[PDB]
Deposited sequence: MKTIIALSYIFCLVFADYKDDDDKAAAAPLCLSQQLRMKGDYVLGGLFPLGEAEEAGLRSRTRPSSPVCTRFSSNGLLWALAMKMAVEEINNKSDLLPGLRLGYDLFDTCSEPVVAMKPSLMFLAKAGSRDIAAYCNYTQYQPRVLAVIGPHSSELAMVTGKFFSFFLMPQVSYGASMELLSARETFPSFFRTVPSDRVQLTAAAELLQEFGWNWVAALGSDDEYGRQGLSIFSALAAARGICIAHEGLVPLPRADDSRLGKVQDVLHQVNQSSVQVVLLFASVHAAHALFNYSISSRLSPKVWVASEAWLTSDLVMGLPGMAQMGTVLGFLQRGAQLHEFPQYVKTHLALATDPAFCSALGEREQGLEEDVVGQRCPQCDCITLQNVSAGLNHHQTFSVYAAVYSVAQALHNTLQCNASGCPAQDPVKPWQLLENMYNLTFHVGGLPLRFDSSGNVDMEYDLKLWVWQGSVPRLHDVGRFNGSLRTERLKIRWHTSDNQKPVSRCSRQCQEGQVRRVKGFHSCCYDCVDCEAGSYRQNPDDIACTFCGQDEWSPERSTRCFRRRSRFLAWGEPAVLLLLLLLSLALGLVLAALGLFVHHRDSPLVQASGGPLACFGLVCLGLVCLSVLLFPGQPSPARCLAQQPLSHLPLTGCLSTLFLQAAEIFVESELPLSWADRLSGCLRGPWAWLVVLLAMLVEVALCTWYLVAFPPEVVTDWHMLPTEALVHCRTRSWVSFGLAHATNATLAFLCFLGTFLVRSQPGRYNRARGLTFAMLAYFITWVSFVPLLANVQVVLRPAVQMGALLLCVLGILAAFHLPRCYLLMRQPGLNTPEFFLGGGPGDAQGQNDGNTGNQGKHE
């Protein structure tokens, strides 16, 4: 085949070449790569085709021959430094001098087509920069190669990582995702991409939640950190192998779908693209390069392989010893590679720069002294060279400019395809109507942080660079003490705070005030009851000598009416501000008069029961003693035992005016509370026994039609007392805590009214309207 014999071609100006033709210490020997690589041979053949086409052209490099020395450099720099030293050697000599500066050199090559690997391009460019040898490198992408401080003579034909990362940042900003997670491969490519995207995100307001490095074939911690933050857009700026390991692990662990912004390394790689189960990992949005393709490169490759198979040409006429023993099928898989156009355009750029430097027309090129390599740099900047009908330019920093296409994957029958849904020519212009997202419906996956916190909220910095804040609302009873607080602070437990409030408000009292409608109604009821008591008392003291009051007590009936009036009066002291003395004296004042009236009624009941259901022998002694001074002593004993019980329960059981600061929502409370069922039960026991004795002794009796039923009134008075207080107790235990005193006064007033309307009112009816029944023979 003798293909490698074509790697040289004599000419007036000869170009260099560093291609990855081959693939893979104590002694200082250059390693030898024996494995064959198809991509390197394809790129070398592309450069040879470009050189031959330039020679064919008559309007470019007229009457001049352009050569090439395609040297094989492996991915290692040690094997690649030797071709560079050969390039810098004097023509016709094997020794490279160590001169003071570049101007004293006479290099054997006019220019160099730099290595595809950018890590190798670093060393090659830093070595060539001292000699100012114009090197234009296809495939070298990362940004720091564009620094003119250390690479004054390094150009390139592929765009830098900066433009694609700017496109990605503009895409994220335009789609609204300003809370994203950034990842990169552990190699220099990923680290440089991460730094560039950090700068761009900081400039554009985007926030990086977690910036981390996926290791080359750990990952589990990176995925855990990514998942910890609620981020739905992940920029993976990693090489093919790191991305493949990432996606395989994510398939194994079933990570939730996310919007993966793809770098050009793995956007179009079939290894990642064809991964099983990859379809469930969200959309993949990448920025593929928009460059023309050599429509005749495969034909040239086939025809040159066939022409090399012929021994006649080969005899009529190493760097790649393994390149001779190959066949066409060993390279057929890489004919449609987009770096071939980059190599072609690099060769065309060097040729056009040489044409401009010599300053000649299409007819011919004037004779002059040979042009040094460092004289090309004055014309390689600001250089417009036409490659396949498309003009290209070298920027001031040796960067070529070209457009980009935003390609998104789709899934039909597990067949992923790329569709252009955007264009980036310095300003992104997307068509998001046609984009089909991975969510349940066709909605854009939201991933946004709060740049600022709404007034009245606490702010918690979040992100790898403290970019945004997390606004958190805290429940009522708390306030933001200062804007820089990370947590809202509670206030003093005696003041209330509304939900989402900058400050708390003081807790003011709310007890049963004199103006509340319930107190107004109960005051009107008290007025009516006291008026009734006063009218009954007036009747009982005017008709005091009549048989009515004489049979129904006498002085004792008026005393009981006075006591009922005093109970109605003592009803008044329940509401209002709970002074300690008032709340302490509530109950004794309520029972003291009620005890007196109940004991008078019980005396009447006992008299009736003695006269009714006892033998006359005991009756003749009981009746003459149960009325008069002994009756007065009995009522006095009842009052005195009530007083003793009241003072004992006042000194032993404490009635306390507590301030329940945590009962009403926005207000405090002033609750006058005593022992649960103990205090009022004990104070009520004597009245309960007195009423029960009266009811038992009165409720069954013989009422002759020729007499007056003196038991119906007492029975119904006791019944009203019992039922009203039996209803009162559940109302005590159920009504809201504010209206508890109101319930108490209502119960007392209803008890007094029932006793009145049952016992005294029927007497007064016939005492005032029909005085025809007041005969002594009818009552005594």
**Message:** Should a student be asked to find the unmodelled regions, what ranges of the deposited sequence would be the right answer here?
**Reply:** 1-29, 54-60, 254-261, 362-374, 838-859
